[PDB]
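Participant: curious how this folds, go ahead:
(chains A and B, ligands or ions: 1)
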Amino acid sequence: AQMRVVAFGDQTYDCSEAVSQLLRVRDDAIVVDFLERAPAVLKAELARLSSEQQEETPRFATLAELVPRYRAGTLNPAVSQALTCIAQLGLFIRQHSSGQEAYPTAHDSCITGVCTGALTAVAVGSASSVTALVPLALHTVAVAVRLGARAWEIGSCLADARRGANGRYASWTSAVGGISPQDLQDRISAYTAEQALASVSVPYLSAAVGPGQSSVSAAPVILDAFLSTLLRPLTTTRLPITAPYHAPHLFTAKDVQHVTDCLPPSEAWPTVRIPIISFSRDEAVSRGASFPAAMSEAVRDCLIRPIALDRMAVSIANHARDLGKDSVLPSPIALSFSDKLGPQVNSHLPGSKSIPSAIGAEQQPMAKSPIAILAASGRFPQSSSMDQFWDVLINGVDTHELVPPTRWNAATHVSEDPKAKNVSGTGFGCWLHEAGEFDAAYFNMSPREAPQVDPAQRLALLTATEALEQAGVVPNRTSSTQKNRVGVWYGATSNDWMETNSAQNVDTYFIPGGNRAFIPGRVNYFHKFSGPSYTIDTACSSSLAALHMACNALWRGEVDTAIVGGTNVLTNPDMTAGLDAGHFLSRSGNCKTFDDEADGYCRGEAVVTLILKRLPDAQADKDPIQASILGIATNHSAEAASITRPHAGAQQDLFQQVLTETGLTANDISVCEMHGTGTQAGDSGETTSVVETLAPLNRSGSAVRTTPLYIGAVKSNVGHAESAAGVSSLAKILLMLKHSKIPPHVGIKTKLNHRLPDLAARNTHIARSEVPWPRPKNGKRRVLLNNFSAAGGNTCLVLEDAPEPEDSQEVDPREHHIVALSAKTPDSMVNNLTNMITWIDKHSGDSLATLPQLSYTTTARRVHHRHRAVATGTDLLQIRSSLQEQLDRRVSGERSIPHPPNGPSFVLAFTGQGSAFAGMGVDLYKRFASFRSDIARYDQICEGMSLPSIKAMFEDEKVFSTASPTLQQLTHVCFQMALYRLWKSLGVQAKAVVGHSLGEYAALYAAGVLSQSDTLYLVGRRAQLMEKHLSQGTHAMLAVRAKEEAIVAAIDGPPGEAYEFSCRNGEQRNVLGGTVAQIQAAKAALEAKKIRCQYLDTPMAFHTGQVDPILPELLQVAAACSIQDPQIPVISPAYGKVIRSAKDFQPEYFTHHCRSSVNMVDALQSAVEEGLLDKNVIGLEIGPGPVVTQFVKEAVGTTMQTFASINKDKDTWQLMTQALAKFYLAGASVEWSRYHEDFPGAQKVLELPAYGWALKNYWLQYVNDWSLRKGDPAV
Amino acid sequence: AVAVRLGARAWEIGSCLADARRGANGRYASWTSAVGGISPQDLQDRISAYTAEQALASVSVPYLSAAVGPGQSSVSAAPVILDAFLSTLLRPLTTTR
Ligand SMILES: [Mg+2]
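Facilitator: Numbering: from 1, shown residues only, chains lettered A, B, ... in the order given. Here you go:
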């Protein structure tokens, strides 16, 4: 019988941190809604204040901008009041929705509040649920801002602000200790008399706390003078209340009426349902008044009534006793000195983990979720890959060099002192010398079209495709990789190819090959991505600007996967000349970031493409993750003196903006990748903004940083990639995280720049030699990356280490694995083989889990082109030996040929029960969940129809000994239906089916004639009839290697009298049936002529006169089944014919099939003559052994490829993997993802070699130096 | 999640019991139909009689899935089988799919 009391505090509680916490919330939908609409409400009332108050009110888009001014003390009473009221309501709301705390009720709880808390108390007490509280809570926000605004107005009219305030709002209240309230009141009266103070300016007792404590308020100038008279032992603690409250001599009923005028009049206002403990009023307990009337009284508690805080404790206790409660459980919300409440109230008295959310709901909303960087590929100066790019950085290489002749002739375009037109003072740069290389065949370009395409568009296709494969992205494989969920963004500032190179002979592909919109467009078109496609031009910040746009799309949910990149290919001498004419460029060398003699930046070439995803999606697909983007923002340097020069004021506001949005602090960042274009003004300006944000200095001069900060610029190595600078900078970070190193900085040629601040004092460093950058245990490395433009815009992001991978995974029980290689060209095929072999030699003995993961990657996480290669084994060494052997044949002159266009054709052969064995299918049953489900489903169907249980056959094995014919036959058929469905799920679409004896039933389901249950019904009831009527051991069956003519000639007695032909399997393969006595006589007669004979294990003699007695009843069983036309042709040994119509599957069919001979030859020969079968078709046995396939093979040709699924002598997966290899080489589209689905241990994307492009140089050389003569006539 | 798992399991049994027809064109056939003009008990007798006279596996039989009112009820079965049974319920009886 405990009663919780909900107590709200006043302005004395520093709610700054609580506000910061609520802004970080993103898991409670009703909170974020309250926090979006509260500022709107707040801002709305602030617009109705007086001009004096509006001028002293800051501008803000969100509450985050008020926190710092609140902490500083420069926030006026109107906002700080509403802010405290927001924090209280916010904390209460979160506690009762996210915190799943039951809402208070009049039976077991009460609410109380002091000063501002009295407002919130009215709202809470007037609602019965969180949903109802919000609308009232928002009205309460407006009342709070009007309350502080009204008290602020009276204060300003009473006393003016003092001169040394510096914007800070002075204190109007102070706590006094060591004297009783009624004694302090007398000293006040005396002090008043002696100073002759006006009645309004007098100090007054604003609150009574305890027998010796109290609080006195007055104008600051007057309060200070009065407090100077209270000498020790008395105490004086100054409180943070910046306006007069609780002053019956300053406020009246009209002031209260004004504060609550924002509450529209209505009849639907809720009443106070939960008792409010109004201990500062005549009635300590109050309830029932309407929300406005209750709010007016609460406002009256703030302006008119003094705080009787000495009555708070007993007032609560008395209400608890009134309801027969023994104790109270305090639930304070932003209450100063709240801990003391519990004991103080109880002194007057005698005295489960949260449930996991449904999958898909645990994830936070898409808005402001970490965006994972899955992969990145690019081309950089002296670097054909990300790995060679790291070599440039870690070895401190300066890649700048004079312009090569492939671009333009420096002898005519460059001059020490440029006087002629279009001649520049510099010709330096960091160039991509292989920018012309491309694989036109791969991307479906003619040799005449490729030269016209901007190398930027080409290198975008290469890097984008490399990044996609590196990320294991296969279109439409998973939900996040659906074609309509993939978008493309690129940053590009220039189109030089279309201005200088192809413009020399405008041809048909001039526009599509030169226009920037085609940079992402070709990516969208080639990979068939129907999501958005954009190009961004913000000059030197384009790529990071595009990364910003892409992240917004992911956060908004327009796409699930994003392709982001940047391109910069320089072929127009005018651009360099123009840049030099504007003094952007360094005429001495590369970017000399941080060097005292920096004279500009050096143009650089680069192309980079990344793959992005919202972190949850990335983890759902088991994609690789190199890092995560926490935030990214953009502003503009509007406050600069010149349009070109950037300014530090705007840059810092951005750095702090992203730190706040991400919830981080300076210490959390350990590295900053700066813009750093090698400019004295730019480097000093940016450096000051970075340190003032990430390495601030104490007021005493010490370092705020506890750990060192490292700053560096990639441009000192590879120059300024302009539109591709942002992603180039980001690529460097991805490598720094991978290798856990900070590369040396080569920008400092001579001496450090003197404009920089004392970096050592701030614990900031410019690494001169490489520095270890290890990931902390159970921690993450976080980075700030900057990228600016001369147009004024600034962009920066916050980066973070990738999450820790899943520890468990699982061991792959499969002994044999399959590795798939593909290429579009014979040369590319040779390349991929070579590159895969060299890769296996590097990672040969690292771990045993590599081979399953290698298989998963090359199959499920790869597209498969027309030229194909395969290898299968149990360890990596076997795979190499196979691929090496295949490589040798390619080198010896046997070229790689593409698989036939249509792909393979399959015929499925369903075996009879003769070849079934114990423990058949157990490994399949264990490992494939779908197979287990089917068996489990069929089992329940059987028992439902009073048939034996087959699930035990796959689990127990021993039962196979004593199993009955009905159980033996059902197990076989369920096995075949489950085995067919498994192969169908793996991509085998049958061209036709053929079943032998019992195998026809499963074959009829695979053909679409019968449903699975009708098959089991038909099989079960037929076997039941055979046990009921027939007897084992009376008849037998005999296999004979001889022609039908020789068998008949050898035996005395015609067929149909002395015996019967049960099966006609081949030319010299027949099976006879009859009584044991009939077979004995025939077996001797055939052995007499030395013909090979052999009994069958079956107990009865199927397909002979023995089954005659069951045929009438079997006819009725078939009549019950629902027959439909086959979807694929049925090769029926029962009729020795290819069946295609349901007219042939009438009940007569099944009695005929049971009694009549099994004419495989006549059925097969009927199939080949129709062209349904030929040597190029693949035969797949759906049974316990390759029996029926041998009959098919004899019928079509000796070179036919036939495969078995199960075989008692070999491992199931060997056969399965060996068949899929041949299906793949034949051109089948295997469902590789399903092949690995039940094996999480293999589901890891490995970093494999990039596609072995068949590269040729496609270039349109700039000639005749015509750019230097633009505007001149022909002379 | 329970709802999707519920329908998936009923869907699995349905597919295992009866295959989708040839002229479905993606449209999912109806397994249940409402009957009017007859009492649930009387309709249950017509079902049992139809069962006796026709040839059906025990699992494929039509069954009374719901009793709505004194003259209303609902009968379910595989689409091909339900069509055959409903063809025997002649006016004044009613049949709403
Ligand atoms: Mg019947």
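
Participant: now do the buried residues in stretch A:1059-1074.
Facilitator: A:1059-1066, A:1069-1074 (16 or more other C-beta atoms under 10 Å in any protein chain shown). Where you see a C-beta, it was placed from the backbone N, CA and C, and this is true even at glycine.

Participant: what about residue A:797, is that helix, strand or coil?
Facilitator: Following DSSP: H, G, I helix; E, B strand; the rest coil, residue A:797 is assigned to strand.

Participant: show me the buried residues of stretch A:1059-1074 that map onto strands.
Facilitator: A:1060-1066, A:1069-1074 (DSSP state E).

Participant: quick check: the two most widely separated of these?
Facilitator: Pairwise distances across those peak at 20.7 Å for A:1066 and A:1074 (criterion: C-beta to C-beta).

Participant: sorry, back to before: a markdown table for the ones in strands among the buried residues of stretch A:1059-1074, including distance to chain B?
Facilitator: Formatted as a markdown table, those follow (distance: C-beta to the nearest C-beta, whole Å):
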| residue | distance to chain B |
| --- | --- |
| A:1060 | 30 |
| A:1061 | 32 |
| A:1062 | 29 |
| A:1063 | 29 |
| A:1064 | 32 |
| A:1065 | 31 |
| A:1066 | 34 |
| A:1069 | 35 |
| A:1070 | 36 |
| A:1071 | 32 |
| A:1072 | 35 |
| A:1073 | 30 |
| A:1074 | 33 |
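
Participant: show me which of the residues you listed is closest to residue A:834.
Facilitator: residue A:1066 (46.4 Å).

Participant: burial count for the closest residue to the closest one other than its chain neighbours?
Facilitator: Take residue A:1066 and drop its neighbours on the chain: the residue closest to it by C-beta to C-beta, 6 or more residues apart in numbering or on different chains is residue A:1194, 5.0 Å away. By the criterion of other C-beta atoms under 10 Å in any protein chain shown, residue A:1194 has 18 neighbours.

Participant: host element of residue A:1194?
Facilitator: helix A:1188-1196 (DSSP states H and E).

Participant: quick one: the next helix or strand after that helix to chain centroid distance?
Facilitator: Once the chain leaves helix A:1188-1196, the next helix or strand it forms, by DSSP H and E, is strand A:1202-1204. Put simply, strand A:1202-1204 sits 41 Å off its chain's centre (C-alpha atoms, centre = their mean, to the nearest Å).

Participant: strand A:1202-1204 packs against which elements?
Facilitator: Strand A:1202-1204 sits against strand A:1178-1182, helix A:1188-1196, helix A:1212-1225, with contacts defined as 3 or more C-beta pairs under 8 Å, 6 or more residues apart in numbering or on different chains; DSSP states H and E.

Participant: put together a markdown table for those, with distance to residue A:791 on each row.
Facilitator: Below are the helices and strands packed on strand A:1202-1204 laid out as a markdown table (distance: least, C-beta to C-beta, whole Å):
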| stretch | distance to residue A:791 |
| --- | --- |
| strand A:1178-1182 | 62 |
| helix A:1188-1196 | 71 |
| helix A:1212-1225 | 52 |
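
Participant: most tightly packed of those?
Facilitator: Comparing the helices and strands packed on strand A:1202-1204 by mean neighbour count (mean count of other C-beta atoms under 10 Å in any protein chain shown), strand A:1178-1182 comes out on top with a mean of 25.

Participant: what sits closest to the residue of the stretch 1151-1275 of chain A found nearest chain B if chain neighbours are left out?
Facilitator: Per C-beta to the nearest C-beta, residue A:1151 is where the stretch 1151-1275 of chain A lies closest to chain B, at 14.2 Å. Spatially, and ignoring its direct neighbours in sequence, residue A:1151 is nearest to residue A:1111 (4.6 Å; C-beta to C-beta, 6+ apart).

Participant: likewise for residue A:124?
Facilitator: residue A:111 (5.4 Å).

Participant: list the contacts for the residue in the stretch 251-400 of chain A that chain B sits nearest to?
Facilitator: Closest residue of the stretch 251-400 of chain A to chain B, C-beta to the nearest C-beta: residue A:358 (4.9 Å). By C-beta atoms under 8 Å, 6 or more residues apart in numbering or on different chains, residue A:358 lies in contact with residue B:1.

Participant: likewise residue A:44?
Facilitator: residue A:142.

Participant: name the helix or strand for it, please.
Facilitator: Residue A:44 belongs to helix A:29-46, assigned by DSSP H and E.

Participant: with residue A:1048 instead?
Facilitator: Short version, using DSSP H and E: residue A:1048 is in helix A:1044-1050.

Participant: how far out from the middle of the chain is that helix?
Facilitator: The answer for helix A:1044-1050 is 72 Å, by C-alpha atoms, centre = their mean.

Participant: just stretch A:408-416 next, same as before
Facilitator: With C-alpha atoms, centre = their mean, you get 50 Å for stretch A:408-416.

Participant: now the terminal residues of that stretch, how far apart.
Facilitator: Criterion C-alpha to C-alpha, to the nearest Å; first-to-last residue distance in stretch A:408-416 is 17 Å.

Participant: now the helices: where do they sit in the stretch 1051-1200 of chain A?
Facilitator: A:1076-1088, A:1111-1119, A:1147-1155, A:1160-1169, A:1188-1196 (DSSP state H, counting those that start in this stretch).

Participant: quick check: buried residues in the second one?
Facilitator: In this case it means helix A:1111-1119. A:1114, A:1117-1118.

Participant: same check on the fourth one?
Facilitator: Buried residues in helix A:1160-1169, counted by 16+ other C-beta under 10 Å: A:1160-1164, A:1166-1168.

Participant: just give me the closest of those to residue A:894.
Facilitator: Distances from residue A:894 to the buried residues of helix A:1160-1169, taken by C-beta to C-beta, are shortest for residue A:1168, at 31.3 Å.

Participant: any idea how far the residue lying closest to that closest one once chain neighbours are set aside lies from residue A:1186?
Facilitator: Once flanking residues are discounted, residue A:1168 sits nearest to residue A:1196: 5.8 Å by C-beta to C-beta, 6+ apart. Between residue A:1196 and residue A:1186 the distance, using C-beta to C-beta, to the nearest Å, works out to 15 Å.

Participant: let me know the outermost residue of chain A.
Facilitator: Distance from the centre of chain A peaks at residue A:1052, with 78.7 Å (C-alpha atoms, centre = their mean).

Participant: give me every residue that touches the residue lying closest to residue A:1219 once chain neighbours are set aside.
Facilitator: Spatial nearest neighbour of residue A:1219, excluding adjacent residues (C-beta to C-beta, 6+ apart): residue A:1203 at 4.0 Å. Neighbour list for residue A:1203: A:1178-1181, A:1186, A:1189, A:1215, A:1218-1219, A:1222 [criterion: C-beta under 8 Å, 6+ apart].

Participant: now those residues in JSON lines, with distance to residue A:597?
Facilitator: Shown next, in JSON lines, are the contacts of residue A:1203 (distance: C-beta to C-beta, whole Å):
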{"residue": "A:1178", "distance to residue A:597": "73"}
{"residue": "A:1179", "distance to residue A:597": "79"}
{"residue": "A:1180", "distance to residue A:597": "75"}
{"residue": "A:1181", "distance to residue A:597": "80"}
{"residue": "A:1186", "distance to residue A:597": "81"}
{"residue": "A:1189", "distance to residue A:597": "81"}
{"residue": "A:1215", "distance to residue A:597": "73"}
{"residue": "A:1218", "distance to residue A:597": "69"}
{"residue": "A:1219", "distance to residue A:597": "70"}
{"residue": "A:1222", "distance to residue A:597": "68"}
